[PDB]
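Asker: When you get a sec, could you give me coordinates for this:
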Amino acid sequence: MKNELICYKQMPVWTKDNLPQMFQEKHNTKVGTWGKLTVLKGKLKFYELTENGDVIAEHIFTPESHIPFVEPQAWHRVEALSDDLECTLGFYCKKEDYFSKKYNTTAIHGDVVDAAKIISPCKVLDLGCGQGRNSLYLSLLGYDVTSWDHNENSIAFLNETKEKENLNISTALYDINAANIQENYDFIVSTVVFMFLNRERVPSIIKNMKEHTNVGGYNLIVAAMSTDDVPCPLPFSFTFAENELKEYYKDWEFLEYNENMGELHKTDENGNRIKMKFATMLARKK
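Answerer: Numbers count the residues shown, from 1 in each chain. The structure is reproduced below:
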């Protein structure tokens, strides 16, 4: 964990009088958020609590203290002990959560995180990037990213965000249906918009993807399915059948292939995420 956490939000100095009230009452941070407290002057009191507000331990910290990160979901409260208290709080998270935490982008797929562990930084095409969750993450991690989508407002969000974050990402408005990738790539990822593609064009799109991946390079696809036992609950313009994605890539090496149930972020009301089967594939070109 040495270098695992990154600061996604940094607060200015808090004093005894402006330390906000919510921090002085029983509270905790969200799953995946760690708090770093730094005492700049004076003394701060910190109460470790149970969920019901009973005090479990108390600490007094000074600028000479090293305060461990406050863990996600740990119940606590703080307050100034000295009138001259000055302290700061930063919120930290893992890099797979940074864009969701800082910008409220949709959470990234675990499969993109797992793939990055395996594939070192390289030249990536995010083919159908939406707002850019995959592209932002990979660029943050040192990948050289190209990001294409048809949606004007999505590409604008990506362009505004990459500038705030010092990321160099090549972005463009593009019809994925055209199957006109130009350059070659070490990694092509498409996990956001496959269900929106033109059924008639999928054979060409995939053939083009494959042709513009270097040998030794990877393709990662996550895409909705419709099967006999599990017909798609939404009428998407494209869904994969049982074994159809694997058959497109039968001549590649499969590092991962599954057709497990998953859930859209979108909900039914009730208010429950919509379930269906997804084809998930990480394959390497021989």
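Asker: And the strands in the stretch 51-200 of the chain?
Answerer: 55-61, 76-80, 86-94, 123-127, 144-149, 169-173, 185-190 (DSSP state E, counting those that start in this stretch).
Asker: so how far is stretch 213-227 from its chain's centroid?
Answerer: The chain centre lies 19 Å from the centre of stretch 213-227; the measure is C-alpha atoms, centre = their mean, to the nearest Å.
Asker: Now do stretch 48-64: distance from first to last residue.
Answerer: 20 Å (C-alpha to C-alpha, to the nearest Å).
Asker: what about the residue nearest to residue 96 when sequence neighbours are not counted, how many neighbours?
Answerer: Nearest residue to residue 96, sequence neighbours excluded (C-beta to C-beta, 6 or more residues apart in numbering): residue 113, at 4.8 Å. The C-beta positions use only the backbone N, C-alpha and C, and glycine is treated the same way. When neighbours are defined as other C-beta atoms under 10 Å, residue 113 has 16 of them.
Asker: Same check on residue 33?
Answerer: 20.
Asker: do the one 4 residues further on as well
Answerer: Counted by other C-beta under 10 Å, the residues lying close to residue 37 total 19.
Asker: and it, helix, strand or coil?
Answerer: strand (DSSP: H, G, I helix; E, B strand; the rest coil).
Asker: excluding its backbone neighbours, what's nearest it?
Answerer: residue 67 (4.8 Å).
Asker: Contacts only, for the one you found.
Answerer: By C-beta atoms under 8 Å, 6 or more residues apart in numbering, the residues touching residue 67 are 36-39, 46, 61.
Asker: is residue 86 in a bridge, and if so with what?
Answerer: residue 15, residue 41 (DSSP bridges).
Asker: my guess is it meets residue 15, correct?
Answerer: Yes. In this structure, residue 86 is within contact of residue 15 by C-beta atoms under 8 Å, at 5.9 Å.
Asker: And those two? Which one has more around it.
Answerer: Comparing residue 86 with residue 15 by other C-beta under 10 Å, the one with more neighbours is residue 86, at 18 against 15.
Asker: do you know how far the residue nearest to residue 37 is from residue 84?
Answerer: Relative to residue 84, residue 67 is positioned 18 Å away (C-beta to C-beta, to the nearest Å).
Asker: Give me the packing partners of the helix or strand hosting residue 9, helices and strands only.
Answerer: Here residue 9, judged by DSSP states H and E, is contained in strand 5-10. Under the contact criterion of 3 or more C-beta pairs under 8 Å, 6 or more residues apart in numbering; DSSP states H and E, strand 5-10 touches strand 86-94, helix 98-103.
Asker: Of all those, which one is nearest residue 208?
Answerer: helix 98-103 (28.1 Å; C-beta to C-beta).
Asker: circling back: nearest to residue 160, out of the strands of the stretch 51-200 of the chain?
Answerer: Comparing the strands of the stretch 51-200 of the chain by C-beta to C-beta, strand 169-173 comes nearest, at 10.8 Å.
Asker: and that closest one, which residues are buried?
Answerer: Neighbour-count burial for strand 169-173 flags 169, 171 (criterion: 16 or more other C-beta atoms under 10 Å).
Asker: Could you chop the chain up by domain?
Answerer: 2-107, 108-286 (curated CATH domains).
Asker: Need the winner for burial among the ones you listed.
Answerer: Across those, averaging neighbours per residue (mean count of other C-beta atoms under 10 Å) puts domain 108-286 on top, at a mean of 17.
Asker: which residues touch the most far-flung residue of the chain relative to its centre?
Answerer: Taking C-alpha atoms, centre = their mean, the residue of the chain most remote from its mean C-alpha position is residue 83, at 41.1 Å. Counting by C-beta under 8 Å, 6+ apart, residue 83 makes contact with 16, 42.
Asker: Need the phi and psi values for it.
Answerer: phi -70, psi -20 (degrees, to the nearest 10).
Asker: so where's the longest helix in the chain?
Answerer: helix 152-164 (DSSP state H).
Asker: Tell me the helices and strands packed up against that helix.
Answerer: For helix 152-164, the elements it packs on are helix 133-140, strand 144-149, strand 169-173, judged by 3+ C-beta pairs under 8 Å, 6+ apart.
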